[PDB]
Amino acid sequence: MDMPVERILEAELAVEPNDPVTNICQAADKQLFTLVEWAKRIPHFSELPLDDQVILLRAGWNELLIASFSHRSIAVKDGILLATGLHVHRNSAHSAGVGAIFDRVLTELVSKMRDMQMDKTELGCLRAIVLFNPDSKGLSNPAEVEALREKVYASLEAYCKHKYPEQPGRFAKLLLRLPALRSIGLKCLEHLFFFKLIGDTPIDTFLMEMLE
Amino acid sequence: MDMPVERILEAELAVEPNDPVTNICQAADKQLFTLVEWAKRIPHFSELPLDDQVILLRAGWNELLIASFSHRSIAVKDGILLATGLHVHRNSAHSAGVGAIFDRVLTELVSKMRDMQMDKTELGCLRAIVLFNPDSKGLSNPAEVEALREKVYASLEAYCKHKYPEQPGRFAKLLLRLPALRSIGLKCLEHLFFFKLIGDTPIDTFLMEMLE
Amino acid sequence: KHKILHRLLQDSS
Amino acid sequence: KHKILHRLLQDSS
Ligand SMILES: O=C(O)Cc1ccc(-c2cc(C(F)(F)F)cc(C(F)(F)F)c2)cc1
Ligand SMILES: O=C(O)Cc1ccc(-c2cc(C(F)(F)F)cc(C(F)(F)F)c2)cc1
């Protein structure tokens with residue numbers, strides 16, 4: 001195996017745990033640090049040129065954090081669990097004025113993750129895939145990142161066929177949450193740029209840097 | 001078969017052929033009509049409640065038109081072929097100020113379609129999938145649209161395994177262009193809203209309606 | 001109401 | 001230059 005799912009899962013286990021939009025942002029900034037630790041535990045990531053590592057996490061960070069906190073919320077009803085340990089409910093989200101994007105996270109990601117019982121090996125793999133985004137502008141060698149992306153989804157397909165043989169379209173199912181993830185990522189980014197632009201909200205330094 | 005790929009392909013064949021942004025918009029509006037004809041030739045679409053049909057095409061129309069003109073451009077170098085018969089080159093696109101989104105279409109969709117030689121049965125299937133978007137807000141019965149989406153990607157997986165047995169990850173590959181399609185769709189929509197807001201550009205009535 | 005989208009979708013043919 | 005992102009990525013551990 002050039003890409004064992006086993007190691008992707010340890011990566012996940014390794015990095016593991018009052019205006020709601022201030023809270024979300026504190027969490028985001030905190031988790032940006034946990035993300036860099038996670039990516040380093042992903043096979044071959046650390047071997048890439050420092051430049052491409054930077055491009056990938058600058059490209060992926062938003063989608064990757066959304067994947068984490070969505071899968072972390074599967075047990076939760078009508079709400080998300082932040083890394084801070086603090087739950088945000090949809091009522092709190094509508095009342096800060098982020099109900100639309102919030103609802104989208106619940107219905108398109110959390111609910112779907114709960115309904116199919118997406119395991120942490122699968123979350124890992126999807127996040128690993130999002131990381132190895134060959135579309136990322138500026139990459140020294142896109143072919144290599146394509147080839148790593150290829151190793152991940154091959155491994156996952158076999159993990160699914162083996163672990164959930166009853167569900168022959170589980171693999172496809174998993175891959176068809178990445179579009180929803182892409183949409184929700186960009187809407188979140190549009191929001192974060194506004195919290196910054198407006199200065200309504202404290203933006204801690206690493207999140208700050210990801211928005212510059 | 002509850003969803004034969006054969007019929008999806010006939011759907012495609014059935015609907016088949018100076019500011020560049022005026023041209024693109026004329027094309028878009030023209031193709032909106034061709035799209036409604038296409039969707040009606042997709043198995044089971046026409047059987048849905050009129051309300052859901054409307055929600056799906058209002059949800060999908062942007063991504064579906066981008067899929068069409070990208071696959072239509074595979075042969076073309078550094079440019080797109082509009083349904084109008086008129087080619088737009090990246091030089092024309094940068095010089096109207098839409099080079100960024102243009103480049104994204106070339107690199108993330110056209111090039112990838114050319115490189116893998118995505119056939120029209122596959123384009124059809126991906127477009128069919130985009131249509132059956134169970135995430136679409138307001139649907140009378142999302143489960144049904146989920147179930148139709150499921151029939152399409154099952155059919156496609158078997159089409160790929162059968163037609164391209166040499167390429168066991170072709171199926172995954174195809175599904176991993178939908179995220180790029182989702183991004184480019186939203187960026188295109190942000191642009192079209194601006195052409196409208198600014199009135200720099202003629203917006204024909206059906207495209208007009210899709211932006212209201 | 002989406003006038004045009006609705007009129008294209010009703011029409012047989 | 002992405003100061004913080006760069007400093008986290010160099011450090012072994
Ligand atoms: O605890 C974590 O994993 C980090 C983490 C936690 C939360 C969010 C988040 C961000 C936004 C934003 F930016 F649009 F305001 C919205 C939402 C949500 F829609 F309310 F769910 C959630 C990002 C990252
Ligand atoms: O001929 C067709 O299939 C219809 C059709 C043709 C063209 C575009 C298009 C739209 C935009 C927009 F809206 F951002 F300005 C940009 C671009 C592109 F990036 F230049 F390629 C292409 C949409 C639909």
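Start at 1 and count along the chain as shown; that gives each residue its number.
Per the header of the entry, the method used was X-ray crystallography, 2.5 Å.
Backbone N, Cα and C atoms are what each Cβ position is placed from, and that goes for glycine too.
Per Swiss-Prot, the feature 9-cis-retinoate binding site maps to A:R72, A:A83. Around A:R72 (9-cis-retinoate binding site), the same-chain residues at least 6 positions away in sequence with a Cβ under 8 Å from its Cβ are A:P17, A:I80, A:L81, A:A83.
According to Swiss-Prot, the all-trans-retinoate binding site annotation covers A:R72, A:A83, on the basis of experimental evidence. In three-state terms derived from DSSP, A:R72 (9-cis-retinoate binding site) belongs to neither a helical nor a strand segment and is classed as coil.
Here the region 'Required for nuclear export' (A:104-124) has Cβ contacts under 8 Å with residues 5, 8-9, 11-13, 66-68, 70-71, 73-76, 78, 80, 90, 156, 159-160, 163, 167, 170, 173-174, 177, 180-181, 183-184, 187 of the same chain, all six or more residues outside its ends. The annotation region 'Required for nuclear export' is assigned in Swiss-Prot to A:104-124 on the grounds of experimental evidence.
In the shown protein chains, 18 other C-beta atoms lie within 10 A of the C-beta of A:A83 (9-cis-retinoate binding site).
The secondary structure of A:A83 (9-cis-retinoate binding site), as reduced to three states from DSSP, is coil rather than helix or strand. Spanning 17 unmodelled residues, the gap from A:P17 to A:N18 amounts to 21 Å when taken between Cα atoms.
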